[PDB]
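Topology and contacts: notes
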2 protein chains.
Amino acid sequence: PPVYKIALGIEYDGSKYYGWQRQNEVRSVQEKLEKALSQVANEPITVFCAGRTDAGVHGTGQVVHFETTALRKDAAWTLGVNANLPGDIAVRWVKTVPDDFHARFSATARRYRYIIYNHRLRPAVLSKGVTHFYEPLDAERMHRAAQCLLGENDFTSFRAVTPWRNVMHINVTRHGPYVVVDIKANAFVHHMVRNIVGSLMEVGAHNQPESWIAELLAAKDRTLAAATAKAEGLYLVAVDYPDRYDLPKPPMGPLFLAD
Amino acid sequence: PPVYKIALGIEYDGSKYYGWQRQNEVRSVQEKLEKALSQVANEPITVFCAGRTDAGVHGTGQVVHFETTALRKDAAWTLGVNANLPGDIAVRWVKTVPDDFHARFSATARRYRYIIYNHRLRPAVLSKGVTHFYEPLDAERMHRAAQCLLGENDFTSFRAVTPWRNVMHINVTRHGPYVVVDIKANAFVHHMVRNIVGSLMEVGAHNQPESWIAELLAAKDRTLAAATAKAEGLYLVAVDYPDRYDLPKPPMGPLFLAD
RNA sequence: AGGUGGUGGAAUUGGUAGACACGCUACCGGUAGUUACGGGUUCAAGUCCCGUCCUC
RNA sequence: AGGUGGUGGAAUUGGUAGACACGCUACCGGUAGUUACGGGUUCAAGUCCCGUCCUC
Ligand SMILES: [K+]
Ligand SMILES: [K+]
Ligand SMILES: [K+]
Ligand SMILES: [K+]
């Protein structure tokens, strides 16, 4: 028998499942995906995702892979799949990927995106999927201050307690009344991202200094900075890989929000 | 007793209710809004909305009004309300509006917005709320051809069978992989909007002539043009009013999608 | 000057209260389990008045 | 050349089938109610093969 390895770019609005990973009781993405996906090969399939993203967390670039003895025409895998998939999980693309690949492992670096309302007045354009902030923010600052964590420092101050991850780019802008964050750090420590935002969103609305970003970073402490950033607003928009593999990689959303 | 009239800009993701208007059995916006809203004055309230928008139809500018003998500090009306409101209905603003006002009636002209995916691959960034199209579209055209219904003609060709409504602006663009439509016609005939899109979306993917827009318009027939446009993708982003009244009017979404 | 779940610690500074972190018991990363009292005003009270009983 | 709910009329041209329109019975704008047959291949068949029985 020939086992075929193929990773696929899946896309999923969180909001309603309890995160990625399984565990007999409730319901997860993987659960959903695993099942459907495997139903289409009669050989019970198990997926290997590249970012065990948890509850109320969205993805639009999450990519997974797996092996099988079954064979398709790139269709069951694309069109097929999300057909047996609940309208909040989709496939985006597929690729006959070389055995030496790994999703979690071949991975080289990630990129998340944080969204936020600001009207002072909870949105209705779907709750779960944005988190809105009250008191008025300041982009110029948000981004202004954050832009220095790219150094590389001890993020031990943002790990919910190797605290040496490498940041490549920060970026905090206000496309509309929303403010949008994005980062492409080599790797990530627990939440972080999230504890970053809070501890950055704080600076946004003032209440804290502009320079303060460098304080707690250097300070090197979690039990100092701002509260972890809600949840319903994270967007894993794509994980970076090597070009040997050559994945298909399209617009990372989460919506019009251009790459 | 002094009855107070006040209209308020409400915002609502459709998707899950069965439209605006009530009727003992199921569940509607108005139902939701009516209730909550009225709970906050102990005088059973009835709303008067300015666009009885139906099932799976979104609003982000829908505005309603009503009268009451109760009195507030602009808070129960804003913050209060959507607190007693399900996360898919929000208030956006309120205004102590002059008795001579009317929501449906004082209205002068409307503006809808249509969204669409195009990946060939159903999105997961919430279904209900977008409708995605298969075969690849053409904005340059979409908008190119539509731009002539602003004349005013017999739309009797788009009324699901006075078929003389006045169009002020059409507009069909591709902010991202989405294509986005918007129109500000004085008034509207049954669906229309919707039957327009289909009969315009057709031109988008070809299958029909570029000039064809003027054909059926002049043709003056419904049982000729393309199928009515899905549903889960309409966005009543604001209704235009007179400046005597002076409403507060903020960004019309539906998201970052800038005014 | 105040008092919130097994603690710390918050509440668009009248609005689904317990966010966010944290601790031990289970159980195949989860899910379960282990607003001081009495009134009052208001459409609503952790937050506002009258009180009893606490507290550095 | 084909055959789909009370009809017309479609199905990312193997994928939750009945979209979109339309007709009469109720009932305080709604909600209810009034894939030709037998097999086969495939993980899946309105759509693909073998068939019976229809059809301009
Ligand atoms: K206040
Ligand atoms: K045991
Ligand atoms: K095909
Ligand atoms: K009767």
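Residues numbered from 1 in each chain as written, not as in the entry; some residues may be left out. Chains lettered and ligands numbered in written order. Heavy atoms only, no water. Residues with missing side-chain atoms left out of burial classes, pairs and counts.

1. Observations concerning the sheet that holds strand β7 (residues 172-173) of chain A
Judged by pairing direction, the sheet is antiparallel, and its four strands sit side by side in the order β7-β8-β6-β10 (chain A) without closing on themselves. If you trace the sheet from one side to the other, it starts and ends with β7 and β10 (238-240) of chain A, each paired once. (Pairing = 2+ DSSP bridges. Helix = DSSP H or I, 4+ residues; strand = E, 2+ residues; numbered from the N terminus.)

2. Here's the deal with the relation of the copies chain B and chain A
Mapping chain B onto chain A is achieved by rotating through 180° and translating by 0.0 Å along the same axis, at an RMSD of 0.0 Å. The symmetry that links the two subunits is that of a two-fold axis. For chain B, the minimum C-alpha distance to the rotation axis belongs to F256 of chain B and amounts to 3.6 Å. Both copies contact each other with a shared surface, as 100% of the interface residues of chain B are interface residues in chain A too. (Least-squares fit on C-alpha atoms. Contact = heavy atoms within 4.5 Å.)

3. Let's talk about the UniProt feature "active site" in chain A
Cross-referencing UniProt, the feature "active site" maps to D54 of chain A in the present numbering. Among the structural elements, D54 of chain A can be located in the loop between β2 (48-49) and β3 (58-59). (UniProt positions renumbered as here; feature names shortened; annotations may be inferred.)

4. Description of the pattern of salt bridges
Using the criterion set out here, one finds eight salt bridges over all chains in the structure. Of the charged contacts in the structure, one is a salt bridge between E34 of chain A and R22 of chain A, with a shortest N-O distance of 2.8 Å. Placement of the pair is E34 of chain A in helix α1 (residues 29-39) and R22 of chain A in the loop between β1 (4-12) and α1, with a sequence separation of 12 residues. Classification of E34 of chain A as buried rests on a relative accessible area of 4%. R111 of chain B serves as the salt-bridge partner of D182 of chain B, at 3.8 Å between the closest nitrogen and oxygen. (Salt bridge = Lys/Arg side-chain N within 4 Å of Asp/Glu carboxyl O. Buried < 20%, exposed > 50% of the residue type's maximum accessible area, 1.4 Å probe, protein only.)

5. Focus on the sheet that holds strand β10 (residues 238-240) of chain B
Residue and element names in this part refer to chain B. Ordered in space as β7-β8-β6-β10, the four strands form an open sheet in which the pairing is antiparallel. Each edge of the open sheet is held by one strand with a lone partner, namely β7 (172-173) and β10. As judged from the two bridges shared by β7 and strand β8 (residues 179-183), these two strands associate in the antiparallel manner. Looking at β8, one finds that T173 is bridged to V180.

6. Some remarks on the protein's contact with RNA strand D
Around RNA strand D, the structure places 18 residues, and the nearest of them are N42 of chain A together with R120, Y134, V161 and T228 of chain B. Close to the protein, within 4 Å, the atoms of RNA strand D are drawn from sugar and phosphate at a rate of 48%. A distance of 3.1 Å separates a sugar or linking oxygen of RNA strand D from a polar atom in the side chain of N42 of chain A. Here a phosphate oxygen of RNA strand D sits 3.2 Å away from a polar atom, N or O, in the main chain of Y18 of chain B. Looking at the surface near RNA strand D residue by residue, the class counts come to 10 nonpolar, five polar and three charged. (Near = heavy atom within 4 Å. Polar contact = N/O pair within 3.5 Å; in protein donor to acceptor, adjacent residues only side chain to side chain. Nonpolar A, V, L, I, M, F, W, Y, C, P; charged D, E, K, R; others polar.)

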